[PDB]
Number of protein chains: 2
Amino acid sequence: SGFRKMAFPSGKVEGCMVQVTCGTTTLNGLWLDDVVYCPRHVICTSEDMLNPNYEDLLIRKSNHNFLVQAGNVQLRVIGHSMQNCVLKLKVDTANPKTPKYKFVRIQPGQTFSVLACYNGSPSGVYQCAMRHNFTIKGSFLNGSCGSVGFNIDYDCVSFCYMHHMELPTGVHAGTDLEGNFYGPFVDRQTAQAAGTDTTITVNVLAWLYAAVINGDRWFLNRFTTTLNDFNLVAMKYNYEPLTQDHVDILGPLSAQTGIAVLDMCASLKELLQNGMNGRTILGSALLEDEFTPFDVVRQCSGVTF
Amino acid sequence: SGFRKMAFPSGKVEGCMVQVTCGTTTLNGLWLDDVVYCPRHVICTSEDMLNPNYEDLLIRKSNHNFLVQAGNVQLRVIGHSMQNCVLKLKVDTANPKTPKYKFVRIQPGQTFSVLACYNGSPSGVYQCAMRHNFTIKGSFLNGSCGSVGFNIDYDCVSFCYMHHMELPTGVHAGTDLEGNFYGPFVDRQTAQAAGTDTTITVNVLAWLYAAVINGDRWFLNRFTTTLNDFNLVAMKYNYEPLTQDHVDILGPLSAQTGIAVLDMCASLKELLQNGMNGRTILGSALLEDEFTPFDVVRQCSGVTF
């Protein structure tokens, strides 16, 4: 019993983190096989960041402008190339700790673990959700660029995020591991800001099922609503529309608890309309939207890796 | 910027987790050097748990009643002994992955990371605080006994908790790594229940400083209170008394923000007396008490491991 914001064990990713230095800038790289991946803005100066042309900036660099350190062992760079907004640094040694891995791009509403790193050294691990405005609410200080986000499936690490920048509201933006940004953000100095965000409704419902599985039932009621009438109310509260696909994804949780999805939706509708009235759900006084249905199942059943 | 419930990177602990089987019971063990540590109730049957005499039960076991598996490699047990409520299984191979480590007992109010494990396989990592009633609010399913809690200091793993049981309110109890229980709990079937709990006041204040560092300032006010008048109000709300030592521990956070501790206490007093009135602090609608002052400093400054 119990429900916590749980990250994946980070050991497989820790063995891939390196420090990359170009000029006076130092950040983190991801060392898989004989390639180190890092944000391409490692090659920029402060002056370059107003309007950089990264193609020009990279053609002016040599293999020896890049210092890669794997703990103490220096890695010799034998080639470099640009892949969208990430650099690929070819090194002369394959990482002996390379796990089975994939590069996957995630969807808004999905969660992943972040290994926050500084100077190539892991500092902490925590769980994040990709918001509907393609930002994440992370915890990142200066030097954390190149930290990666991932999921673990069986024994395979699915890398889905590398950190590039902090937006002026304190939320964070980055790329997938092919270097393509999540959302309309760019790795240069502009007026860019996060767009409006919505609450991830399917995740709130999942979390309410987690509460029922853990014995919080005070918010339940005898009512059921239709998909249509639920969405009319949830859209008024800045919640994402619920779809028949979302209902189907919630089926396993519906079966385990015996509460139909549209029956849970009637509880959510009342919670939105009345608030919580001084009570809590799974230790929170607000409706949590950063647990997916899979997160709930994995934590409320014995799944390991 | 940003503030998250962050665990330590778990790689160093993952390399120590093994599976221990005795009879039909399987749980987790901690393999350091040539010793495997696990809860002694691995030797019990369901019938034994009403009133076990563990000394009797252990003298009736042989080295070959214990199956230890490190991934696939079976470990040969060459001795066994009881250390309070933990078993020490001597194995013929030192763990090549043993980190620098210590066994430390923690205090209520302190936090640690938990590596939740099943059948010797890590499943997730999350942060916990030891409550004033010596329970933790963990996330543990059947098979998780022997999972350990730890802090990482520089390169040294300080083990402070091993999981033994779930209390009837869904909170969790276990021992330090010398096998001594946190709190008045025992590893047998009794009517034991968690005692009353209080809110960890020094941690709430630390978290309010984290909010100010992250730009939440709406709860601040121009007032200051004395230690004495603050405690009269906080004790009425089931908060732990604040001491001059707590004020001193909060000094660094006071200096970074320029807000005196007793000035922050006046904000907390008003939050307790008035509630939050529909607003949030660092994404929470209630006062969070599971971040220590060190947690705040470590996350609001570049500390790595």
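Residues 3264-3568, in that order, are what chain A shows, numbered as in Swiss-Prot.
Each Cβ is built from the backbone N, Cα and C atoms, and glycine gets one as well.
Listed in Swiss-Prot for this protein:
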ACT_SITE  A:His3304  active site, for 3CL-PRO activity
ACT_SITE  A:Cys3408  active site, for 3CL-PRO activity
CROSSLNK  A:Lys3268  ubiquitin cross-link
CROSSLNK  A:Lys3353  ubiquitin cross-link
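Here the features listed in Swiss-Prot are painted onto the structure.
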| residue | record | DSSP (3 states) |
| --- | --- | --- |
| A:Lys3268 | ubiquitin cross-link | coil |
| A:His3304 | active site, for 3CL-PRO activity | helix |
| A:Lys3353 | ubiquitin cross-link | strand |
| A:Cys3408 | active site, for 3CL-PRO activity | coil |
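Here the recorded positions are A:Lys3268, A:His3304, A:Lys3353, and the one whose Cβ sees the fewest other Cβ atoms within 10 Å is A:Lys3353. Candidate recorded positions A:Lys3268, A:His3304, A:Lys3353, A:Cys3408 yield A:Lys3268 as lying near chain B, with Cβ-Cβ distance under 8 angstroms. With a cut-off of 8 Å between CB atoms and residues at least 6 apart in sequence, the same chain places A:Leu3290, A:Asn3291, A:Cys3301, A:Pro3302, A:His3304, A:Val3305, A:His3426, A:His3427, A:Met3428 near A:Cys3408 (active site, for 3CL-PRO activity), listed in sequence order. For the pair formed by A:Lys3268 (ubiquitin cross-link) and A:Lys3353 (ubiquitin cross-link), distance between Cα atoms is given as 36 Å, rounded to the nearest Å.
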